[PDB]
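The structure appears right after this line, and notes come after that.
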Amino acid sequence: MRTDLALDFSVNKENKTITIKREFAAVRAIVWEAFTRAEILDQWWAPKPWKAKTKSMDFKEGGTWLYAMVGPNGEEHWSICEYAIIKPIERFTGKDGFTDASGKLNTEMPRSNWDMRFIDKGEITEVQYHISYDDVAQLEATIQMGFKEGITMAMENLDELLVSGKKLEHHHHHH
């Protein structure tokens with residue numbers, strides 16, 4: 001019976017598409033700023049809690065965002081995204097490409113589509129994610145583990161992150 005912090009997702013294996021819907025108690029302004037900086041996203045987004053490092057981020061219509069997550073011992077993951085249209089905070093789409101290192105991008109790794117939509121419902125902001133790409137086997141393993149680890153880490157990290165952003169630290173409350 002919870003209203004805010006709602007979690008709902010649907011996957012269509014036949015159509016090979018992934019739909020994730022989430023509801024948070026915050027204005028589009030604050031939410032948009034969170035997706036406008038990879039540093040903020042690194043705080044919660046990007047599963048595998050360890051060390052995330054953004055190689056570069058050019059805020060431009062034809063700009064691109066390159067980042068790679070680093071895990072424990074031997075384990076690294078590289079990814080790259082290309083922005084096509086920015087458009088007002090309303091809604092926009094981009095492209096998600098897989099990377100194995102720097103920008104080698106192997107042929108066995110097809111590009112993926114990821115459209116981002118921001119809907120403002122009064123004092124509650126709702127965000128809809130649309131991701132779809134080939135490689136069903138990898139999709140089933142990445143979505144199952146990514147969804148379980150992503151929502152658990154995102155829910156815990158996001159909860160603390162929202163509190164820090166909203167309630168600003170000032171001094172200890174006493175007397």
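Ordering of the structure tokens sets the chain letters (A, B, ...), residue numbers begin anew at 1 in every chain, and ligands are numbered from 1 in the order given.
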Mind dumping a table of every segment 20-72 of chain A residue within 12 Å of segment 130-142 of chain A, with the nearest atom pair and its distance in Å to one decimal, using only C-alpha atoms, sorted by chain and rising number, as CSV?
```
residue,atom,partner,partner_atom,distance
A:20,CA,A:130,CA,7.0
A:21,CA,A:130,CA,9.2
A:47,CA,A:142,CA,10.8
A:48,CA,A:142,CA,11.8
```
From the DSSP assignment of the backbone, select every residue of chain A that is helix (DSSP H, G or I), and format the answer as a PyMOL selection string. chain A and resi 28-35+38-44+136-166
With C-alpha atoms retained, write the just-selected residues as a PDB file, in the first residue's frame.
```
ATOM      1  CA  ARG A  28      11.576  16.898 -12.084  1.00  0.00           C
ATOM      2  CA  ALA A  29      14.152  19.654 -11.471  1.00  0.00           C
ATOM      3  CA  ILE A  30      16.025  17.617  -8.835  1.00  0.00           C
ATOM      4  CA  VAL A  31      15.549  14.335 -10.717  1.00  0.00           C
ATOM      5  CA  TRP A  32      16.748  15.853 -14.011  1.00  0.00           C
ATOM      6  CA  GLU A  33      19.878  17.207 -12.295  1.00  0.00           C
ATOM      7  CA  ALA A  34      20.587  13.685 -11.018  1.00  0.00           C
ATOM      8  CA  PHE A  35      20.606  12.334 -14.594  1.00  0.00           C
ATOM      9  CA  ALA A  38      27.427  10.985 -14.069  1.00  0.00           C
ATOM     10  CA  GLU A  39      28.927  11.730 -10.635  1.00  0.00           C
ATOM     11  CA  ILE A  40      25.468  11.740  -9.009  1.00  0.00           C
ATOM     12  CA  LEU A  41      24.475   8.628 -10.980  1.00  0.00           C
ATOM     13  CA  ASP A  42      27.655   6.882  -9.788  1.00  0.00           C
ATOM     14  CA  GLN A  43      26.530   7.436  -6.171  1.00  0.00           C
ATOM     15  CA  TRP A  44      23.528   5.082  -6.689  1.00  0.00           C
ATOM     16  CA  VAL A 136      18.560 -12.789 -25.134  1.00  0.00           C
ATOM     17  CA  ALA A 137      20.883 -15.079 -23.138  1.00  0.00           C
ATOM     18  CA  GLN A 138      22.889 -12.099 -21.870  1.00  0.00           C
ATOM     19  CA  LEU A 139      19.646 -10.161 -21.349  1.00  0.00           C
ATOM     20  CA  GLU A 140      18.212 -12.888 -19.092  1.00  0.00           C
ATOM     21  CA  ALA A 141      21.405 -13.076 -17.005  1.00  0.00           C
ATOM     22  CA  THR A 142      21.981  -9.296 -16.886  1.00  0.00           C
ATOM     23  CA  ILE A 143      18.316  -8.441 -16.195  1.00  0.00           C
ATOM     24  CA  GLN A 144      17.879 -11.102 -13.487  1.00  0.00           C
ATOM     25  CA  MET A 145      21.093 -10.239 -11.621  1.00  0.00           C
ATOM     26  CA  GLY A 146      21.022  -6.565 -12.666  1.00  0.00           C
ATOM     27  CA  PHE A 147      17.398  -6.186 -11.537  1.00  0.00           C
ATOM     28  CA  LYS A 148      17.996  -7.920  -8.189  1.00  0.00           C
ATOM     29  CA  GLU A 149      21.307  -6.155  -7.507  1.00  0.00           C
ATOM     30  CA  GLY A 150      20.222  -2.930  -9.242  1.00  0.00           C
ATOM     31  CA  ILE A 151      16.988  -2.405  -7.257  1.00  0.00           C
ATOM     32  CA  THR A 152      18.517  -3.524  -3.928  1.00  0.00           C
ATOM     33  CA  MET A 153      21.612  -1.308  -4.293  1.00  0.00           C
ATOM     34  CA  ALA A 154      19.643   1.496  -5.990  1.00  0.00           C
ATOM     35  CA  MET A 155      16.874   1.455  -3.370  1.00  0.00           C
ATOM     36  CA  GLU A 156      19.362   1.587  -0.473  1.00  0.00           C
ATOM     37  CA  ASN A 157      21.866   3.988  -2.084  1.00  0.00           C
ATOM     38  CA  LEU A 158      19.113   6.196  -3.563  1.00  0.00           C
ATOM     39  CA  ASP A 159      17.311   6.428  -0.202  1.00  0.00           C
ATOM     40  CA  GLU A 160      20.432   7.752   1.542  1.00  0.00           C
ATOM     41  CA  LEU A 161      21.338   9.914  -1.478  1.00  0.00           C
ATOM     42  CA  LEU A 162      17.899  11.607  -1.530  1.00  0.00           C
ATOM     43  CA  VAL A 163      18.158  12.372   2.195  1.00  0.00           C
ATOM     44  CA  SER A 164      21.604  13.960   1.741  1.00  0.00           C
ATOM     45  CA  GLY A 165      20.404  16.046  -1.233  1.00  0.00           C
ATOM     46  CA  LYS A 166      17.210  17.208   0.523  1.00  0.00           C
TER      47      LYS A 166
END
```
Using only C-alpha atoms, which of the listed residues (A:51, A:117, A:60, A:13) sits closest to residue 92 of chain A? A:117
Write out as a ChimeraX atom specification the residues lying within 6 Å of residue 66 of chain A, counting only C-alpha atoms and excluding same-chain residues fewer than 2 positions away. /A:55-56,80
Counting only C-alpha atoms, the residue of A:112, A:50, A:5, A:27 that sits nearest residue 75 of chain A: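 Of all the options, A:50 lies closest to residue 75 of chain A.
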Within 9 Å of residue 95 of chain A, counting only C-alpha atoms, which residues show up once you throw out same-chain ones fewer than 5 positions away? Write them as an NGL selection string, please. :A and (80-84 or 111-115)
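Taking only C-alpha atoms into account, residue 53 of chain A lies nearest to A:77 out of the set A:170, A:121, A:77, A:2.
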What gap, in Å, lies between atom CA of residue 76 of chain A and atom CA of residue 98 of chain A?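 Result for atom CA of residue 76 of chain A versus atom CA of residue 98 of chain A: 12.8 Å, one decimal.
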Please extract the residues of segment 7-132 of chain A with a backbone DSSP assignment of strand (DSSP E) and present them as number ranges by chain. A: 7-12, 17-24, 51-57, 64-70, 76-83, 91-99, 112-121, 124-132
To one decimal in Å, tell me the separation between atom CA of residue 24 of chain A and atom CA of residue 126 of chain A.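 For atom CA of residue 24 of chain A relative to atom CA of residue 126 of chain A, the distance reads 6.5 Å.
Across the structure, atom CA of residue 97 of chain A and atom CA of residue 110 of chain A are spaced 7.5 Å apart.
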